[PDB]
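*Asks:* The structure under discussion is supplied below as structure tokens; questions concerning it will follow.
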Amino acid sequence: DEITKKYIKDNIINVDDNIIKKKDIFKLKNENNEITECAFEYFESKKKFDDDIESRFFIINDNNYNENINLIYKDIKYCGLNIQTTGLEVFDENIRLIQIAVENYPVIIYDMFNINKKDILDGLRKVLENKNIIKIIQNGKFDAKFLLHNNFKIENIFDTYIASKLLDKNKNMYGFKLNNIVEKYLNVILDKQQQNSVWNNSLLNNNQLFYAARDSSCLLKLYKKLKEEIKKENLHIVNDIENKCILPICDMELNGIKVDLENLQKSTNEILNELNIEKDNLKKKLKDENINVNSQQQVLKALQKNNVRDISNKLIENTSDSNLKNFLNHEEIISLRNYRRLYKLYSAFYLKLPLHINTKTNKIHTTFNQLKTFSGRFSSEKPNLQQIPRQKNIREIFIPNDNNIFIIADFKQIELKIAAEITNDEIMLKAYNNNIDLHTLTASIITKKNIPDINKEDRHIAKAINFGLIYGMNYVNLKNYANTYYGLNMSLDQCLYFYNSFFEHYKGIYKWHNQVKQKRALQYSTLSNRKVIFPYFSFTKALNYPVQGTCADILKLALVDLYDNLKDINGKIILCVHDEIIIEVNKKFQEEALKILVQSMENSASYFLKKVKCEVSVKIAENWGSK
DNA sequence: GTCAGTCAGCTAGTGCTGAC
DNA sequence: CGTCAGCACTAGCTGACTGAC
Ligand SMILES: Nc1nc2c(ncn2[C@H]2C[C@H](O)[C@@H](COP(=O)(O)OP(=O)(O)OP(=O)(O)O)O2)c(=O)[nH]1
Numbered sequence: 001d002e003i004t005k006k007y008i009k010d011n012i013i014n015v016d017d018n019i020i021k022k023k024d025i026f027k028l029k030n031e032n033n034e035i036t037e038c039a040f041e042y043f044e045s046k047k048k049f050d051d052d053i054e055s056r057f058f059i060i061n062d063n064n065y066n067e068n069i070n071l072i073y074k075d076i077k078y079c080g081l082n083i084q085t086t087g088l089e090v091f092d093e094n095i096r097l098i099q100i101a102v103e104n105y106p107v108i109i110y111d112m113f114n115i116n117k118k119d120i121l122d123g124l125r126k127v128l129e130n131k132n133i134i135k136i137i138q139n140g141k142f143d144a145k146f147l148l149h150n151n152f153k154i155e156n157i158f159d160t161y162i163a164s165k166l167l168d169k170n171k172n173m174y175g176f177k178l179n180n181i182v183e184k185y186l187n188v189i190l191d192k193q194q195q196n197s198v199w200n201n202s203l204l205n206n207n208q209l210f211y212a213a214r215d216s217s218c219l220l221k222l223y224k225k226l227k228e229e230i231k232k233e234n235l236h237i238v239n240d241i242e243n244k245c246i247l248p249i250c251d252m253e254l255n256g257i258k259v260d261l262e263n264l265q266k267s268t269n270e271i272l273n274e275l276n277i278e279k280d281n282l283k284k285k286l287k288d289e290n291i292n293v294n295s296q297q298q299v300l301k302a303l304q305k306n307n308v309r310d311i312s313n314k315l316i317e318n319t320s321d322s323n324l325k326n327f328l329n330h331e332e333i334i335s336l337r338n339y340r341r342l343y344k345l346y347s348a349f350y351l352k353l354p355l356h357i358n359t360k361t362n363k364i365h366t367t368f369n370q371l372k373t374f375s376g377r378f379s380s381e382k383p384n385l386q387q388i389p390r391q392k393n394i395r396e397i398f399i400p401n402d403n404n405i406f407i408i409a410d411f412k413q414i415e416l417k418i419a420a421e422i423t424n425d426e427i428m429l430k431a432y433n434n435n436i437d438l439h440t441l442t443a444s445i446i447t448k449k450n451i452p453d454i455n456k457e458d459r460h461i462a463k464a465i466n467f468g469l470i471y472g473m474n475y476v477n478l479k480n481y482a483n484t485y486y487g488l489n490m491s492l493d494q495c496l497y498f499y500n501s502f503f504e505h506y507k508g509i510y511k512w513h514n515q516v517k518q519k520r521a522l523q524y525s526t527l528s529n530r531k532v533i534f535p536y537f538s539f540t541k542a543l544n545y546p547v548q549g550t551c552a553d554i555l556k557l558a559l560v561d562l563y564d565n566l567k568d569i570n571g572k573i574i575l576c577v578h579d580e581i582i583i584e585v586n587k588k589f590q591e592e593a594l595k596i597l598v599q600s601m602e603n604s605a606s607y608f609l610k611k612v613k614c615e616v617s618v619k620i621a622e623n624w625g626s627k
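1 is the number of the first residue of the first sequence in the deposited numbering; add one for each residue after it.
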């Protein structure tokens, strides 16, 4: 059949027909600013669509490429970019189709698999690398990862997804595909009924490419309607900062962090042997052999028939640590808690890491998402590296590459600094500029001791109670916030005394608490001005959103600045979890990397917070687990 | 010889339960 | 709190073991 093979020469199979070739005029601008009447072939659909979204497109094959098409990109200010891939695993998937939507022109689509010369793509690379031109990508993370992997460079992003979700204010957490936003903001239906059609095949059908072009083309009108809204609410700053953190996250994902195989295997052997002997000990201790040692109800029944009683002689009803922490008297309970802690560590960490280690490179690669979190913080997906245990300093399994070196840094008490900025309290400014940690000052006011006498044991109470009441936490509940968590223990009278004392001096915190309680607004804001709306008033969330949001924003600015500066020495940003940036560099450059890091984070802090200085604790470590 | 009816193993799902 | 993983229990599905006139 010639009808299906009508345009087979361009590597397109005409499955559904419904297209027609066209060769018309295009008035481009010559490099000498001379208007030239160059003509370009372009296909079009016979069946029209009711929407105004553009649907035309040129296919530029190696045998069909012409130099004059490159003139179209001249003088532009922005363009679209939609990339098609054969799969989701970036390390082992090949970029199929790269579209560009240039305004008042059809979408240029590069059939990559048929492009066998480097002289074609460099025209696209020059556009991608220039910072003066803005780029628009739906979910820019994925396309940026694939591009950077395959030897491209893209130097400006305007993620419509980020603008949409920041305008959503975390009201609806789903419905952010391209169709959703396009319907909500453009009154157009894209008809994305493509059920993930076959892509690895060299030949491609007409419907697939035509619908792919529209998904690329619609983004320009979406950007025009989005920039007006984002400027309307004065959310320009947050969008500007958030768009530039796409590239650092991409570099973290593509680099990842290496894992030591031999150390991990050795650790598995020792922990497994210890688990076996301890499980045998427990099974002996329970006085019965049929018990499945894991089951909560079975072990609870075993304890109950073993006559395990509390201080008041009452039988145990729960195995919760918050309940079992007070029942340390029994010999069996110590072994039981030991067993369960060891099993949690084993299953969570040692059986899980071998599943997520790439044998091809011996590296672990996370998946990072930025606005997925309520407060806007980073969340580590798949291997949740926010979840790697801190016990034993298990991070020594992780290491840098064969010859490089880790240089980690972290903010020292960023959260309380943000509180100091927002509340405008004189005492916290006094303490900070006098070079005294707010934990130390809190301990001093609690104990009324002289300044150097704030020992670690005393400072623990301050460290707990500060974070306790800085978020408006009930003084009755401080007993429960202590008895179960951290290492505090008190009574009601002392709870009341501490609650009175803290707000006796920290006038700013009291004022902030009273106003946040009174207003009861459905909306709250940060220093970076990101906006969120809660379904109903809630004291704890209402207090916690601004401080932690600004803390996240400072880290994001630090990340973009660090990407900007590190390029000279070929540095790479590896991981960041909780106010802690980890970079990597080959030896002989450490003396410079330390300075670049501290300067970048200092400028980051100086941008947002003016009154109070920052203080960055920096260390250079052979392994992530260095003390 | 055959086919309902009750007996199921299994599959899924919500409930509930401990962990840094 | 958030998260994830892990385990009973309860209820519905898809074939095997009868029971028969
Ligand atoms: N108990 C508790 N811990 C949380 C919660 N969310 C996060 N965390 C963890 C991760 C945070 O990084 C950590 C708070 O302690 P940090 O590690 O930030 O300590 P800090 O920077 O004060 O360290 P330093 O005093 O210098 O040793 O607690 C939560 O809701 N409850």
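Even for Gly, the Cβ is constructed at its ideal location relative to N, Cα and C.
Using 8 Å as the Cβ pair cut-off and three pairs as the minimum, do the stretch 9 to 23 and the stretch 38 to 57 touch?
*Replies:* Taking 8 Å as the limit for Cβ pairs, the verdict is that the stretch 38 to 57 does touch the stretch 9 to 23.
*Asks:* So, do the stretch 407 to 426 and the stretch 504 to 519 have three or more beta carbon pairs nearer to each other than 8 Å?
*Replies:* Yes, they touch.
*Asks:* List, from N- to C-terminal side, the alpha helix (DSSP H) runs of 4 residues or more that fit wholly inside the stretch 25 to 87.
*Replies:* Those alpha helix (DSSP H) runs which fall completely within the stretch 25 to 87 and span 4+ residues do not exist here.
*Asks:* Which complete beta strand (DSSP E) runs does the stretch 541 to 609 hold, if anything under 3 residues is left out?
*Replies:* Within the stretch 541 to 609, the complete beta strand (DSSP E) runs of at least 3 residues are 572 to 576 and 580 to 586.
*Asks:* Pair every Cβ in the stretch 516 to 529 with every Cβ in the stretch 442 to 462, then say whether three or more of these pairs are closer than 8 Å.
*Replies:* Not touching, per the Cβ criterion.
*Asks:* Confirm the yes/no value for this check: CB of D52, any heavy atom of ligand 1, distance under 7 Å.
*Replies:* Not under cutoff, so the answer is no.
*Asks:* Output the residue ranges of the alpha helix (DSSP H) runs that lie fully inside the stretch 432 to 466 and measure 4 residues or longer, sorted by chain position.
*Replies:* Within the stretch 432 to 466, the complete alpha helix (DSSP H) runs of at least 4 residues are 438 to 447.
*Asks:* Going by other Cβ atoms of all chains shown within 10 Å of its Cβ, with 16 needed for buried, is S45 buried or exposed?
*Replies:* Buried, since its Cβ has 16 or more Cβ neighbours within 10 Å.
*Asks:* Give me the DSSP bridge partner(s) of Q523.
*Replies:* Answer by DSSP bridge pairing, in chain order: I533.
*Asks:* Below 8 Å, can you find three or more Cβ-Cβ pairs linking the stretch 437 to 449 to the stretch 460 to 470?
*Replies:* They touch, by the three-pair rule.
*Asks:* Note down the Cα distance separating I60 from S379, rounded to an integer number of angstroms.
*Replies:* About 40 Å.
*Asks:* Do you know whose CA, among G625, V188, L575 and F374, lies nearest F534's CA?
*Replies:* It is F374.
*Asks:* Is it buried or exposed for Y174, if we count other Cβ within 10 angstroms and need 16 for buried?
*Replies:* Exposed: under 16 other Cβ atoms inside 10 Å.
*Asks:* Determine the extent of the alpha helix (DSSP H) in which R96 is found, giving its start and end residues.
*Replies:* Note, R96: premise wrong, no alpha helix (DSSP H); beta strand (DSSP E) at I95 to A101.
*Asks:* List the whole-angstrom C-beta distance separating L219 from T160, where the pair is believed to meet the contact cut-off of C-beta under 8 Å.
*Replies:* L219 to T160, Cβ: 6 Å. Contact.
*Asks:* So, for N623: in the same chain, excluding its five sequence neighbours on each side, which residues have a beta-carbon less than 6 Å away from its beta-carbon?
*Replies:* Here the set comprises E396 and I399.
*Asks:* Give me the Cα-Cα distance between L128 and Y346, rounded to the nearest whole angstrom.
*Replies:* Whole-angstrom Cα-Cα distance: 46 Å.
*Asks:* Would you list the residues sitting across from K22 in a DSSP beta bridge?
*Replies:* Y42, per the DSSP bridge assignment.
*Asks:* Tell me where the beta strand (DSSP E) around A348 begins and ends.
*Replies:* It is not in any beta strand (DSSP E) - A348 carries neither H nor E in the DSSP assignment.
*Asks:* Cβ-heavy atom distance between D579 and ligand 1 below 7 Å?
*Replies:* Checking every heavy atom of ligand 1 against the Cβ of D579, one is found closer than 7 Å.
*Asks:* If we call anything under 8 Å between Cβ atoms a contact, is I8 one with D17?
*Replies:* No, the Cβ-Cβ distance between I8 and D17 is not below 8 Å.
*Asks:* Determine the burial state of residue 643: buried for a count of at least 16 other Cβ atoms within 10 Å of its Cβ, exposed for fewer.
*Replies:* The chain is shown from 1 up to 627; residue 643 falls before or after that span and cannot be answered.
*Asks:* So, at 8 Å on beta carbons, what are the nonlocal neighbours of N369 in its own chain, with the 5 sequence-adjacent residues on each side left out?
*Replies:* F378, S379 and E381, listed in sequence order.
*Asks:* Relative to the alpha-carbon of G123, which residue among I72, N384 and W512 has its alpha-carbon at the smallest distance?
*Replies:* For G123, the nearest C-alpha among the options comes from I72.
*Asks:* Answer with buried or exposed for residue 632, where buried requires no fewer than 16 other C-beta atoms within 10 angstroms of its C-beta.
*Replies:* As shown, the chain starts at 1 and ends at 627. That puts residue 632 outside it, with no answer to give.
*Asks:* Give the secondary structure of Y110 by DSSP, where H, G and I count as helix, E and B as strand, and everything else as coil.
*Replies:* Here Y110 sits in strand by DSSP.
*Asks:* Hey, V532 and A419: beta-carbon distance below 8 Å or not?
*Replies:* No, the pair does not count as a contact, with Cβ atoms beyond the cut-off.
*Asks:* Can you tell me the Cα-Cα spacing of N116 and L222, whole angstroms?
*Replies:* Approximately 34 Å, taken between the alpha carbons.
*Asks:* Which residues in the same chain have their Cβ closer than 7 Å to the Cβ of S604, if we skip the five residues on either side of it in sequence?
*Replies:* If we look at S604 and ignore the five residues flanking it on each side, its Cβ neighbours are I554, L557, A558 and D561.
*Asks:* Once DSSP output is grouped into helix, strand and coil, what is the label at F411?
*Replies:* Three-state DSSP puts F411 in a strand.
*Asks:* Inspect the CB distances between the stretch 405 to 417 and the stretch 483 to 493 and report whether three or more fall short of 8 Å.
*Replies:* No, the stretch 405 to 417 is not in contact with the stretch 483 to 493.
*Asks:* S335 and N281 - do their beta-carbons sit closer together than 8 Å?
*Replies:* Their beta carbons are under 8 Å apart, which means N281 touches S335 by this criterion.
*Asks:* How long is the line joining the alpha carbons of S197 and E289, rounded to whole angstroms?
*Replies:* If I take the Cα positions, the gap works out to 55 Å.
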